[PDB]
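Quick heads-up: the C-alpha cells below are two forms of one chain, split into structure 1 and structure 2.
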Structure 1
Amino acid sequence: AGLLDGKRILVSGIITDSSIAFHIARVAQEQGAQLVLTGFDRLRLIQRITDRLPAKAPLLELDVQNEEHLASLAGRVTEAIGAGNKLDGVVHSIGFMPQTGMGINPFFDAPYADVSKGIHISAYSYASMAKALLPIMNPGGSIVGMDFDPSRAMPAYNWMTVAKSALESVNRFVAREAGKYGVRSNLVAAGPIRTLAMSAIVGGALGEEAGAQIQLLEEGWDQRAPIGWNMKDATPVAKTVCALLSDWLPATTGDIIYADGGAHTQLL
C-alpha cells in the first residue's frame, strides 16, 4: 500500500535477526510487498527467525553453490507465488569469505580454494540468481544486491574486498542481460552495520584486542558521513534497497547507490 504495493519480491540472505536481509524484508513488507524468502542450510533456524517478520512468506532452500538448487529455483518460486505470476524484484544479500581471507591471516596466506569459494558465493552467485530468476521477472522489475565500496584498500576485509570489486564488475554485465527483459540491475553500497557477521568477522579477528575497534569504526564513519551514520540501524540501508525495488529509479541500472551516510564522498 506504500511503496512496494502489489509487488512480488524474492529476498535471499536471512541468517540471523541482525541480517541486513532481515531488515530488507521487514521494510519491504511494511511497504506492501508479497515476499518469497530464500535460505541456506539452517532452514530450521531461519524459519524460526522468519515468523518474527510482519507477515507470512514461503521459505525456500537455495545453496547458491548448488547447481541443482539454482536449476529448480524458478520452478519452486512459481509454485510458491502462483502459476501465471512473475516476480517484480530480487534481493541478493549473500556474502562469504572464509576466515583465512579476512582480517586474521595476512593477505598472502589465503589459499586460492578459499578465495575461490569466497568469490563464488559473493560475486558469481549474483549472476547465477539473475540467470535463474530473470526468466520469471516482469518488465519494470528490479534486481539489487548488497555491496560495499572496494575502490580503495583497507585493513582486514582483504579478499572480501577483492570479491566486492568483482561483484561490481559482475553487476554491469548482469545489467546488459537484465535489460532485455526490461529489468534493472543495481548494487547498494552500505556503510558498516553491526550484524552478527560483522561483529565476528572483525574485530574477532583481527585482532582480539577489540570489539572496541567495532566501536571505533562506528564513530569514525559517523564522523566522515555528512549526515551521520548509525552502525546499529539497518533501516536506512533497507529503505535504499526498497527505493531500487520501487518504480522511482526507473532509469538506473548497472550501478551502485551508496547508502553510507555519504562517507565515500569525503576524504575526511
Structure 2
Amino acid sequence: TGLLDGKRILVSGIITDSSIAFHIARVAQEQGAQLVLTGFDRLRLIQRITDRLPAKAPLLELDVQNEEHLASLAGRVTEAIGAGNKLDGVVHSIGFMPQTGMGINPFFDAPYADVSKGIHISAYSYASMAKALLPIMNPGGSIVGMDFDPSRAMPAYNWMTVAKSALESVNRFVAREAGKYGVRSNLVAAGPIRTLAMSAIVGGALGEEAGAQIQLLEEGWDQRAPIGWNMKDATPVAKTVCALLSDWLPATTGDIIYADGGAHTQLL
C-alpha cells in the first residue's frame, strides 16, 4: 500500500535521530504520508536532523507552553500543506520534567512549579495540541501520543509517573472532543527505548549506580516480554503508531495500546 498512503500527518517531538518521534516520522514516510513536523528550541539545529530522514518536511516552530504558538498552529499548518487541505493525523511525541521530579532526588523535594512545568508539557499539551488541530483535521483521522505505563509506582520515574497518569486521563477526554470530528485519540504505552532523554532521566550517570538502573531495566523488560524486547530499536513502537494513524484500528479511541513486548501483561 503505503499503509499511510496520501495521508497527511503532523509529527511533533523530534530533537535527535534517536527520538521516537523521529522513528515514527521515518516509518510514516517509508509508508506514504506527506508529513509536517514540530520542534522546540533550536530549529536551526533540528532541520539538520529532519534532513537525515527519507523525504522532506515543512518543519514548524512549536513550544507548547506558548499560548501565542498554539493560536497560530492551525494557521501555519494550512500554509504548509496547502488550502482546502486538512490533516488526517497528529503525533504527540513530546515530554519533559525537571531533574528535580525525577531520579534519586527525593520525591517529596520536588516543589510544585517544577511539577506544574512537567504536567503542562507532558499532559496538558496533548489537549492544547488537539484544541489547535482538530478544527483543521478530517473525518476518520487520528491523534496518538506516547505513554509509559503509570498504573504502578516505580523508582526513578517519580513525578513523571504522575504526569503520565494525567496523560491517560486527558487522552480520554480529548477522545470525547475529537469524536465530534470523526477523530480517534489513543496513546501508545511503549517499552523502554535508548534516547538521550533517558541519559538525561537518571541520568546523567547521576549514579554510576546508573549503568545498572539501565542495564537492569533492559534485562528486566526483555525477561518479562514474551516476544522479547530490544531497547536499541524504536521501529516496533513506531510501526504501532502508524497503525493507529492507519485505518486498521477504526473503532478504538479513549484508549491505550501497549507496544512494550507484552511485558506489562506479565509479572514475571
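Counting starts at 1 and follows the sequence of structure 1. We call the rigid core whatever largest set of C-alpha positions still superposes within 1.5 Å between the two forms.
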item: Displaced residue between structures 1 and 2, judged on C-alpha after the rigid core is fitted, out of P58, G32, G228, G204 (threshold 2 Å or more); value: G204
item: Per-residue CA shift, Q213 (Å; core superposed between structures 1 and 2); value: 2.7
item: Per-residue C-alpha deviation between structures 1 and 2 [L45; rigid core superposition; Å]; value: 1.1
